[PDB]
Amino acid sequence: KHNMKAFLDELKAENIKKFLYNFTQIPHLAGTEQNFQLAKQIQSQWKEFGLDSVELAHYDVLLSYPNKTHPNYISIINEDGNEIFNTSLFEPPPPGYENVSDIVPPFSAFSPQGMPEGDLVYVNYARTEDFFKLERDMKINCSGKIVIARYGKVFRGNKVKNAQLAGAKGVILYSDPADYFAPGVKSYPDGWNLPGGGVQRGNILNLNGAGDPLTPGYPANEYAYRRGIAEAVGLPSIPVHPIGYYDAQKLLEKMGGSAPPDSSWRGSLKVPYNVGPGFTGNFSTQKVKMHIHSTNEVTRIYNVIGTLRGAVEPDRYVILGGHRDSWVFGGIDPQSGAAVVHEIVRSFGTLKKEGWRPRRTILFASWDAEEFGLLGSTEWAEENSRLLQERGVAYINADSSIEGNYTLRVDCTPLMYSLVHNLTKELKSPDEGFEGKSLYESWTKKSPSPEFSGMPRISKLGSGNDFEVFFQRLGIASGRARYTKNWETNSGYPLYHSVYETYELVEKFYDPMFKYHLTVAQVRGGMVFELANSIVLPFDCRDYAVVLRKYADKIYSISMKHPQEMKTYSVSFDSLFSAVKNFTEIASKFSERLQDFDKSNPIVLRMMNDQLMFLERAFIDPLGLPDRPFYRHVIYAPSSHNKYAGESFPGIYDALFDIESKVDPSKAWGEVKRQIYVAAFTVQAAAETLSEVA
């Protein structure tokens, strides 16, 4: 038989291991020749693997690179302008790679050039609340200061935005061992910890879904008209640079002014974690000076797009996508995901060579420039947005397969909750102590949902990966899955975006048998297989009804901290609760029909599959969210304070956020009520797409 089991059994741990080794010997930085060569290899192998067509789609997008002959670094500088301390120019390369060329040194992509000089302020994680504490409670003013912030908690782009709105004239990011050094584990190469000379690369944009900074809305193709840099989306206005904790120690050890306000501001280095501004008495004349000479430039990028045509509904697309570009070797990020995709493709290709075709079309993508802002995925989707909005069933992301070895982690739309539960009950747990038990069992045991006994945690989708354009802009049901660490006893993985992220890191310390990879390949691949082959689409609209009520209760509770204002301005959540009730009733009746409808009738079947496909789509507002036109989903957006975190009812959440500080409360509560109306309407409207159609 050619069924899911056949698909699944053809996947091999040993193949994934080979592919990963193959994808991680040299750096594959976006826009470089090496990453173009890997694209051509992937294309040629997907063809050999059996796909009907395999094409490169290229775009010319804004990227960012250091100047090879004019290195970035930071200094402590004295009263005379002598540079008495310099941060490192590169990370010590790992064993055996000390002669690899083209290792991009640590930098913050998209930072403007500058050599600002000033006194440091230390701002913890540079969260919204860290700045509130600093400005409101401690009365420290960051205006014209250089801020130094530790990585962690939120997306680094948010930290930079926060710093910039506080008036900072530069930002230094560093990795504190509190957040990137696990107790009892050694530094790379003898363990999986971050060494003191290790540094986290990454872009510091605030794109809010735009894609290429120069071409929002439209693909960056050969005739594209581009904005001037000054009107580009999302670029930071102050210089930024990241450093390791050996260097950070040297910058922080002399810090004076105020003490930290509490222990949640103290990391693990042997320094006071004073907030500043500036250095203690003896050194108070010393300053910090940054030197940033990176350039932004328009560079060609390449996605690989593979098609396996569906036998029955070729005009319905299930997409499996993940990026190929890496900061350096990409041993975890992304090649551990990409090797998984490669083997998924090979397995589907095997079935196809024996004459099988999935019911719906499967598209496979190797995205480029994800690291520079989700650019490849976003441009491709801007190009193909009409096809995707009318034909797109689902998007399964395929970045890093592992960030730990403890249990499964799934973030997805409610519409896939049942699919995921069912698929996992049929998969074997790879975990020690769960031999012969199901993946569902071990996952549920180790990661219980807060809401329900005997069910696993499944989180909402945020952003910071290639599903963003599909889910938040276009409204295509999306999900992701990987193996992760135990949060209870234990920022993501310590060697994230460091030169130390290598094949060896994975083979030695994360997944030597490649069994966690194989399980992730089964989850991802299994999702795609069911999406593309089940006669009725494997979405359950009732799971949306359940979370919608939870979100409505949550956002109501937030509002209810201001009872006086809710009375004075007549702020009611009745309409939202009403819409959610209707959605629950209508969804329940639709499921009955979906179960009882006449199975013989393909039109009836297509009608009802269309209603399931268009349900996620129904949550899109074409006007977008306030000031964020590419975040169009009304139920989910990335948090305005942390791009990685999903927010529910974001329109209302943001209108409520810090509302007690607004100077015109009438206007602010007005906007709360506007967003309630928007949400209630959209929920009712989505429910109506599940009513009998005529």
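Note that residue numbering begins at 1 and tracks the sequence as displayed.
Is it the case that, in at least a third of the other entries compared (those modelling both flanking residues), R617 has no coordinates?
Negative; every one of those entries includes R617.
Looking across the other entries that model both neighbours, is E426 missing in at least a third?
No, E426 is modelled in every other compared entry.
According to the PDB entry, how many deposited residues between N490 and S491 are absent from the model (none, 1 to 3, 4 to 9, 10 or more)?
Going from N490 to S491, the model skips 1 to 3 residues of the deposited sequence.
When the C-alpha temperature factors are averaged for each of 428-436 and 556-564, which stretch ends up with the higher value in the entry?
The recorded data point to 428-436.
With reference to the PDB entry, specify whether the mean Cα temperature factor is higher for 8-16 or for 679-687.
According to the entry, 8-16 carries the higher average C-alpha B-factor.
Based on the PDB record, which member of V271, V506, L387, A126 exhibits the highest Cα temperature factor?
The listed residue with the largest C-alpha B-factor is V271.
By the entry's C-alpha temperature factors, tell me which of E253, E382, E297, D333 sits highest.
Of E253, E382, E297, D333, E253 has the highest C-alpha B-factor.
Grab the CA temperature factor for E616 from the record and place it in the lowest, middle or highest third of its chain.
Its C-alpha B-factor belongs to the lowest third of this chain's values.
Lowest, middle or highest third: where is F529 by Cα B-factor in its chain?
Tercile = middle for this residue's CA B-factor.
Of the three thirds of its chain by CA temperature factor, lowest, middle or highest, which one includes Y302?
According to the entry, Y302 has a C-alpha B-factor in the chain's lowest third.
What third of its chain's C-alpha B-factors does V663 belong to: lowest, middle or highest?
Its C-alpha B-factor belongs to the highest third of this chain's values.
Would you please rank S366 by its C-alpha temperature factor against the other modelled residues of its chain and give the third it falls in: lowest, middle or highest?
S366: CA B-factor falls in the lowest third of its chain.
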